[PDB]
Structure formats: C-alpha cells, structure tokens
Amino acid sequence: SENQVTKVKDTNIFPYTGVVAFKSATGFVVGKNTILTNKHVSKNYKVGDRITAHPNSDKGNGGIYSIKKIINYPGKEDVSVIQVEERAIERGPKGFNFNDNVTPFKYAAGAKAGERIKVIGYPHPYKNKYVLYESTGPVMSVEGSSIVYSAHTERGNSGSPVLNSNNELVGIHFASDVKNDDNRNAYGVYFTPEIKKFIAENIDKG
C-alpha cells in the first residue's frame, strides 16, 4: 500500500524543524515564540511546562522551551495557541533563541479531495525517547473547518501539522476513527479565515 507510515531519521531539516513535542503529543510552530496544538493536548499542560523542538530518537533536539501562555480558541474547533519563553531552558544547536532553532510553515492555497497529504508527529510516547513519524494518504473531503484524510494516525499525533506534497500547511490533526481496517478516516481542522485570524492575533508580539 502506497499510504505509508515511516520513522523520520533526521529531524533537523525542513519540514521537521517546524514540529514540536509535548510530553505525550505534538504541536508545530506558527510564528514568533508561538506553537499550535489541540485543546485536548494543551489541557494537560500549564505555564512553566516544557516543550521540545523537533526531538530525534538519539537525544538530539532544537532546544527545550518553557510555556508562558495557553490561549484556547473559543469556537468549537480543537485549536490551542501556546506561547513559549523565547530563550531556551536547554540550548538548541543554533543557540538559545527559539526562533533560530525552528521553522514555521507557509499556508497552502487550499486542499482538494484526492491530493496527497503528510501528517508529521509523535504517534506514540516512550519512557525517555521521542520518535518522529511521517504518515501519508489522500484527502477525502474538505468542508468548512473540516479536512478528512485517510492517513494512519495515533493518539500522539494530536496537534500534528498536515502538509501537502510541497510541505505547505493544510490542517492541524485532531482525531481519527478507531477502526482496525485500512479504509479509516482521520480528521483535521482546516484553516478557515476566522481560525487563521485567531492564530494571527495570538502570535507573541515580542
């Protein structure tokens, strides 16, 4: 089957440099000192909790950062903006500045049923290891703030970016059908104008 799930060997190149890890799920960078995740992920975390930038399976990462603010979208969609303190609590390879160690994504022009997407995140938490995966499959439908795709995802993928074939952002993963078969739908939030505005409003001003 051409819908594949594979481990990402090196996480220090684009697009993996846009992805972050919480203790047990995923997020991704949207702007200066600012990450996007799901509300069902951010509910587990508080001010002072830590996130790790694109950790690899061999103790390497882009630094460890402290949460400074959590802003939950007041609408129904499963979207949460998290701001971090700019200076790392564990230096990244490109220095202490969060923004020097990570890369935000460009929004795609849109998405259509049938196109290939890629969900990038940490599907399963491990004792003292982070294992980044990429999972591919087709878009099934796009309607309003919903994007549905048939790519394998697990619990830890909550908050993962959903990218098109050219690494442009089409959605944020939040849920999946629990069925055992391969013809299983996964669900993301599609970036409608009011969700894009909410995110833009809540990027750290500096």
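Residue numbers run from 1 along the displayed sequence.
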Worksheet entry | Mean C-alpha temperature factor, higher of 106 to 114 and 127 to 135 | 127 to 135
Discussion item. Please compare 3 to 11 with 195 to 203 and name the stretch with the higher mean C-alpha B-factor in the deposited structure.
Written reply: 3 to 11
Worksheet item: Looking at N38, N56, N167, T52, which has the biggest Cα B factor in the entry?
Response: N56
Item to complete: Looking at the entry's B-factor column for C-alpha atoms only, identify whether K68 ranks in the lowest, middle or highest third of its chain.
Response: middle
Discussion item. What third of the chain does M140 rank in for C-alpha temperature factor, lowest, middle or highest?
Written reply: middle
Worksheet item: Taking the entry's C-alpha B-factors for this chain, is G121 in the lowest, middle or highest third?
Response: lowest
Worksheet, complete the sentence: Split the chain's modelled residues into thirds by Cα B-factor; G156 lands in the middle
Worksheet item: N97's Cα B-factor: lowest, middle or highest third of the chain?
Response: middle
